[PDB]
Structure formats: structure tokens, C-alpha cells
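Two versions of one and the same chain are coming, encoded as C-alpha cells; call them structure 1 and structure 2.
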Structure 1
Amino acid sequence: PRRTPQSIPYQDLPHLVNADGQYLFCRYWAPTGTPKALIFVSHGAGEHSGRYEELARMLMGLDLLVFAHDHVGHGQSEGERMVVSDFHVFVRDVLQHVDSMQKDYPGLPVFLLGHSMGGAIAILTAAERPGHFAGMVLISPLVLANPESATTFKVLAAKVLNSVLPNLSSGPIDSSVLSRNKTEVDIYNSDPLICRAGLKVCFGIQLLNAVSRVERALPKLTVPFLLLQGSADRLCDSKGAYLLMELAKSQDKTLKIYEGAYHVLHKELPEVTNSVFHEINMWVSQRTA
């Protein structure tokens, strides 16, 4: 039997099989009655769909059907950890899941919610189906990386690829600089479904591809969106949030900046997280009435 990386059979779990034959672990939060809309939650690099439990519960409380999967190489899905043949795999697999749910809830609007790399995936998914999605909620989306970090990575990648230097990595995710909430940092660090390994050069190249593709997509974007961004984001530079506001053609676009907040706004200090939940609730409520 095909099993998760934790050895649990997929036959016992909600799942899908992607176009490459890989099992992806799925998660669903359905309201008791007819949903008003569907919303797909797109997690980021190194994490998984279970990080979004409370936000998903809030959205299902608004009578949306919330759905997600662990991207290939993440969480309880198959694949070598935190690698991908090409970044578009993630987009393709989101569209598979979206298409399979929409046909069983025909006529319902579909939203996207994404954080960080998951926000890049949401942008590229909406740009691939222009006019299709009802709206997108973006939490610190990967639009422009920290320029020092990105430069460092490009230099390292050239040494590995071009000068064949072995076993080099620019390092693992450092959660301590991604939230000011120390309790959330500790919870993340001990989550058994995250990836704590050093960044592989092949995956960093796909993240660079993502940023390049997002840049080309921004003028095609017409989807309504809410963009939430912290001013002290060490990973997704706030300049990218301003770029997205400027270059998207969407007629319905809103930015909220959280002064002093770090990258993971939905796992930040309680005043920030509570605001993030409130703002998402009101934005989605107003667009699902």
C-alpha cells in the first residue's frame, strides 16, 4: 500500500493523485449546509496544510467550503522533500484540485488563499485562468525575495552548478526571524510535518523561477485580492507587496501593512494575528454575501 512519509496508508486518508502519479494528502473543512463559496488554501515552502487549521475553521464558519492539499514534497504528500521538477507542478496540482472540487459544487465561486511561496502559487494559478477566480487572499506572498538573501543564493548556486562544489547549502528555514511570537516559533519548530533541512540548490532555482514568473504574471492579474504584508519581513521583501499593488490590473485590490510585523502574519503577535483573521473575515464576507 502507498503510504505517507510517516507510514500511514493513503487509503485511510483524504488524498488525490497528481498528474505525475504522486499521492497528495488533502484536507477539507465543510460547513453543515450548502456552501456559499469554495476556498483553496495554499501553504508555503517547508510547511503543510495543517498549519492553517484555525484560519480554515474561521472561513468554514462563514459558510465556505475550505480545501487544501500538501504540495508535492511537503507534509503528508509524496515526493523527495522540498524539491520539485519545475515550479509549475505546484500550480498544475492546485488547478487539478480546484477543478475536481468545482465540478462537484458547480456554480460556486472559488477563492484562493496563499502565504509566502503558497502566495506565489496562488498568483500563478489565477494568472493561468484569468477571470476564473472570485478573489485571492495573500499573506506575505513571495513576489520579491530579500535582495541580500536572493543574491547570496544566486552566488552559491553558481558555485554548485558551474564550479561543481559539493554539499553546499545556503541553510535551512530560520523560523526565529519569521515571527515575533516565540511560542509560535516553538510550535513550528516541533511540528513533525515541516522540513528543517538545508535548502537544496535545485529547489532554490525553482523559487527563483517562481519570482520570475510572478513578475511576468502581475500585468495579467485581474482577480480581486487582499494583500497583507509585514514591514519587517526578512524573507518576502515588502517592496514586492508594493510592486503587486502597482502592477496588477485588478479593479479590486487592497493592501494592509503591519508595522514591525515579521513574515508569518497569521502566526504573529496576538494583536497582529487577531487583526489578520478579522480582515480576512470581513474581506471574504463582503465578497460572498
Structure 2
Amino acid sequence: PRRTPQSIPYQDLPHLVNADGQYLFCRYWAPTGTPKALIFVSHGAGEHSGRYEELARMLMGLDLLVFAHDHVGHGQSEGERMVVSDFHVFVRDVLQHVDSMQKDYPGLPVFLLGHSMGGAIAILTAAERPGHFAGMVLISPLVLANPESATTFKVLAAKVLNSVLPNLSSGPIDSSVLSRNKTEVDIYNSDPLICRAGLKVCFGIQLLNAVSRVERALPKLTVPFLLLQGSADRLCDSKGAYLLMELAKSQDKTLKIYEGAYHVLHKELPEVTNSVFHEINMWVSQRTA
């Protein structure tokens, strides 16, 4: 019997099998009545779908059917940890799950919600099907890297290195950059489904590929979106949020900056987190009324 990396049989859990024959763990939050819309939640690098419990329960409370899976190599899904043959695998698998849910709920609008690497996934998904999605909620999406982190010289060394030792690790993540909320950093550091190990250079190359692909996608992007960004984000540089606002073709685009906030805005200081929830609630409510 096929089992999650934590040894739980997939037959006990919601799942799907992707185009490469890998089992992905799925999560669903369905209202009691006919939903008004569908929304897919796209998690970030090293995390998993269970970190969106509270946001998902809020969206289900608006009578959306919320659904997610753990990306390949993440959470309770199969695959070598935090490795992907090419970044587009994540997009492909999102589209499989979206197409499965649309078949079951024909005619309902479908939204995307993406954070971090999952925001880059959401952008690329929406740019692959222009006109298809009703809207996107992006929380600190990967659009631009921290310019210090990703100099021409560090990127050219990292391509040379990846041609020899694609499995070489960077250091562990500084989880202290994720949030000013120390209890949320402690929760992240003790979550057995998070990968906080070094990133492999081959996966760092796939994140640079995502950044490249997002830039080429922005002039195709027409989908309505809400963009939430902290000013003190050391992973997804705030300059990327400005770039997405400038280059997207979307007629309906809104940015809110959280002054002083770190990366995980939905698990930040309580004033930030409460604002993030409220803004998502109003933006989705307006567009499902």
C-alpha cells in the first residue's frame, strides 16, 4: 500500500495521482450548501497545505469550496524532498486538480490563492490559461529575489555548481525572517511536515527559473488580483510586488503594503494577520457577490 513520507497509507487520506504517477496529498474545506465559487490554495517552498487551515476556514465561511494539495516533494505528498524535475511540474499538477474540481462543479468561478513560491505557481497557472480564473490572491509571491541573495556572480557560480553537484545544499533557512511573530516562528520550526534543511542548488535553480518565467508571464496576466506584501521581506523582495503591479495587464489589480512586516503576512503580528484576513475576505466577497 502506497504511503506518505510519514508512513500513513494514501488509502486513508484524500489524494490524487499526478501525471508522473506520484501521489499528492489533498485537503478540502467545503461549505454545507452549493458553493458560490472554487478556490485553490498554493503553498510555498518547504511548507504544505495544512498551514492554510485558518485562511481556508474563513474562505469556506464565505461559501467557497477551498481545495489544495501538497506540491510534489512537499508535506504528505510523494517525491524526493524539495526537488522537482522542472518548475512547470507544480503548474501542471495545479491544473490537474483545478480541472478535476471544475468537472465536478461546472460553471462555478475558480480563484487561486498563492503564497511565496506558491504565488509564482499561481501567476504561471493563470498566465498559462488567460481568462480562465476569476481572480488571484497573492501573499508575498515570488516575483523578485532579494537582490543581495541573487547577484549575477552568485547565480553564475550556482549554474556552474548545478552542472556538477546539483544535490549540494545551501545553509538551513533563517526561519526568523519569516515572521516578527516569534510564536509563529516556533510553530514553523516544530512542524514535522515542513522542510527547513538546506535548499539543494538544483531546487534554487528551479526558483530562479520561476522568477524568469514570472517576468515573461506578467504581460500575459489579465486575471484580477489582490497583492499583499511586507516591506521587510527578505525572501520575496518588495520590489517584485511593484514589478507585478507595473507589468501585469490586469484591469483589476490592488496592492497593500504592510510597513515593517516580514514574509508570512498571514502568520505575522496579530494586527497584520487580522488585516490580511479582513482584506482577503472583502476582496473575495466583492468578487463572488
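Only residues modelled in both forms are compared. Each residue is numbered by where it sits in the sequence of structure 1, with counting from 1. Think of the rigid core as the biggest set of C-alphas that the two forms share within 1.5 Å after superposition.
Core superposition between structures 1 and 2 leaves every listed residue (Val89, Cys195, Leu208, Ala157) with a C-alpha shift below 2 angstroms except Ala157. Superposed on the core, the two forms differ at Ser169: its CA moves 2 Å or more between structures 1 and 2.
After superposition on the rigid core, only one stretch of three or more consecutive residues whose Cα atoms move by at least 2 Å between structures 1 and 2 is found, at 151-170.
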